[PDB]
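Heads up: the structure comes next, in structure tokens.
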Amino acid sequence: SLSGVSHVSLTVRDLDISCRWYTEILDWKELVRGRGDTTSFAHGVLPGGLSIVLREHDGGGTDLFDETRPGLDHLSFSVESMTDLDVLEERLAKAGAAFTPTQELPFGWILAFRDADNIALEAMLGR
Amino acid sequence: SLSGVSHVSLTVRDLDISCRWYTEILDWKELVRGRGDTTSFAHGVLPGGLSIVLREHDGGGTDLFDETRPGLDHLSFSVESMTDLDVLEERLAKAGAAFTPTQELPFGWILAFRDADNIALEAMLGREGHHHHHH
């Protein structure tokens, strides 16, 4: 049957800028780079093994991510301990990224942040 | 350390339509639906454990899924056997959904399809180290 996620492909405004951001913030490791007919991409993997492909589409506007547009509302990553969240907050702050400090909720702790294109991301330590 | 995807929250034009679509196509099972500040949501889980939250924004439904816009380009699921792909194609066809026949590639087989909001999805089966091409 269906097991899980093979990989998530995210559209970014500037490949290079996003590659650096994901590398610095989430330890994303670029494996290969490439060029499509109307796009440029970078396939990378996060600690834990999750595959994340960043894709820049030709002649894209300046337009940022918008939760109200069909597609991604937000992507939530699972972490192993509170330390992971502390480290993320430290990296986010140092990069001057937008983020709301870890909040404790009924089902766990959530750290909500935004990438270089305002894409809504979260890191959660579940109970 | 980061350990993968906790869950994926998708923005959809019509919550009810999407719930039925995901239930019927991917055996998504709704665990609870509620109301947020400016949204309606339904949290469900897929076979294999992946959590998917469907979310309808009160002020949404005017723009279309557009992979050229920041956010999701496409979401690819891992499947265990060819039969999983065969079943998906059958369901997609029966439902009159948008999809292309499963394609055989060097490193595996991929079934590309769209949900009710045209969001780009894929089902993937690996080749190397398996015997799916030996039957």
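Letters A, B, ... go to the chains of the structure tokens in the order shown; residues in each chain start at 1; ligands are counted from 1 in the same order.
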
Original post:
stretch 37-108 of chain A: which residues are strand (DSSP E) by DSSP, as an NGL selection string?
Top reply: :A and (39-45 or 51-57 or 71-79 or 99-105 or 108)

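Excluding residue A:98 itself and same-chain residues fewer than 2 positions from it, the residues having an atom within 8 Å of it are residues 92, 93, 96, 100, 113, 114 and 115 of chain A, counting only C-alpha atoms.
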
Just write the chosen residues, N, CA, C and O atoms, as a PDB file, in the first residue's frame.
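Contents of the output file selection-v4.pdb:
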```
ATOM      1  N   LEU A  92      17.166  30.427  13.156  1.00  0.00           N
ATOM      2  CA  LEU A  92      16.207  31.349  12.568  1.00  0.00           C
ATOM      3  C   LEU A  92      16.502  32.782  13.004  1.00  0.00           C
ATOM      4  O   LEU A  92      16.529  33.697  12.179  1.00  0.00           O
ATOM      5  N   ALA A  93      16.733  32.971  14.299  1.00  0.00           N
ATOM      6  CA  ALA A  93      17.036  34.294  14.835  1.00  0.00           C
ATOM      7  C   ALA A  93      18.303  34.854  14.206  1.00  0.00           C
ATOM      8  O   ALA A  93      18.343  36.012  13.798  1.00  0.00           O
ATOM      9  N   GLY A  96      17.820  36.130  10.896  1.00  0.00           N
ATOM     10  CA  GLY A  96      16.861  37.212  10.827  1.00  0.00           C
ATOM     11  C   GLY A  96      15.574  36.768  10.152  1.00  0.00           C
ATOM     12  O   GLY A  96      14.862  37.582   9.559  1.00  0.00           O
ATOM     13  N   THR A 100       7.736  32.441  15.040  1.00  0.00           N
ATOM     14  CA  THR A 100       7.107  32.636  16.331  1.00  0.00           C
ATOM     15  C   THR A 100       7.679  31.537  17.229  1.00  0.00           C
ATOM     16  O   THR A 100       7.662  30.358  16.864  1.00  0.00           O
ATOM     17  N   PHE A 113       7.583  28.890  11.292  1.00  0.00           N
ATOM     18  CA  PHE A 113       8.498  29.825  10.654  1.00  0.00           C
ATOM     19  C   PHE A 113       8.260  29.974   9.148  1.00  0.00           C
ATOM     20  O   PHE A 113       7.471  29.237   8.557  1.00  0.00           O
ATOM     21  N   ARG A 114       8.947  30.930   8.535  1.00  0.00           N
ATOM     22  CA  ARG A 114       8.796  31.209   7.104  1.00  0.00           C
ATOM     23  C   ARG A 114      10.135  31.137   6.386  1.00  0.00           C
ATOM     24  O   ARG A 114      11.141  31.614   6.907  1.00  0.00           O
ATOM     25  N   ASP A 115      10.161  30.560   5.191  1.00  0.00           N
ATOM     26  CA  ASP A 115      11.415  30.481   4.459  1.00  0.00           C
ATOM     27  C   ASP A 115      11.639  31.766   3.668  1.00  0.00           C
ATOM     28  O   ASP A 115      10.911  32.744   3.851  1.00  0.00           O
TER      29      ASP A 115
END
```

Original post:
Any idea which chain A residues end up within 6 Å of chain B if we count only C-alpha atoms, as a PyMOL selection string please?
Top reply: chain A and resi 1-12+47-48+50+57+64-65+68-80+84+119

Original post:
Can you tell me how far atom CA of residue A:16 sits from atom CA of residue A:42, in Å to one decimal?
Top reply: 9.0 Å

**OP:** Return as a ChimeraX atom specification the full set of residues in stretch 2-126 of chain A whose backbone-based DSSP assignment is alpha helix (DSSP H).
**Re:** /A:15-26,82-94

Write out as a Markdown table a residue-level contact list of stretch 91-130 of chain B versus stretch 22-25 of chain B with cut-off 8 Å: for each qualifying residue the closest pair of atoms and the distance in Å to one decimal, counting only C-alpha atoms, rows sorted by chain and residue number upward.
```
| residue | atom | partner | partner_atom | distance |
| --- | --- | --- | --- | --- |
| B:91 | CA | B:25 | CA | 6.0 |
| B:92 | CA | B:25 | CA | 6.7 |
| B:115 | CA | B:22 | CA | 7.8 |
```

File dump, residues just selected, N, CA and C atoms, as a PDB file, in the first residue's frame:
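For reference, part.pdb as written:
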```pdb
ATOM      1  N   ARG B  91      -9.071   3.669  -9.528  1.00  0.00           N
ATOM      2  CA  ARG B  91      -9.874   4.621  -8.767  1.00  0.00           C
ATOM      3  C   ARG B  91      -9.927   5.986  -9.447  1.00  0.00           C
ATOM      4  N   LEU B  92      -8.776   6.452  -9.925  1.00  0.00           N
ATOM      5  CA  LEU B  92      -8.709   7.750 -10.595  1.00  0.00           C
ATOM      6  C   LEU B  92      -9.612   7.755 -11.823  1.00  0.00           C
ATOM      7  N   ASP B 115      -5.574  16.303  -7.671  1.00  0.00           N
ATOM      8  CA  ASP B 115      -6.732  16.142  -6.814  1.00  0.00           C
ATOM      9  C   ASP B 115      -7.824  17.074  -7.313  1.00  0.00           C
TER      10      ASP B 115
END
```

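Atom CA of residue A:66 sits 25.7 Å away from atom CA of residue A:90.
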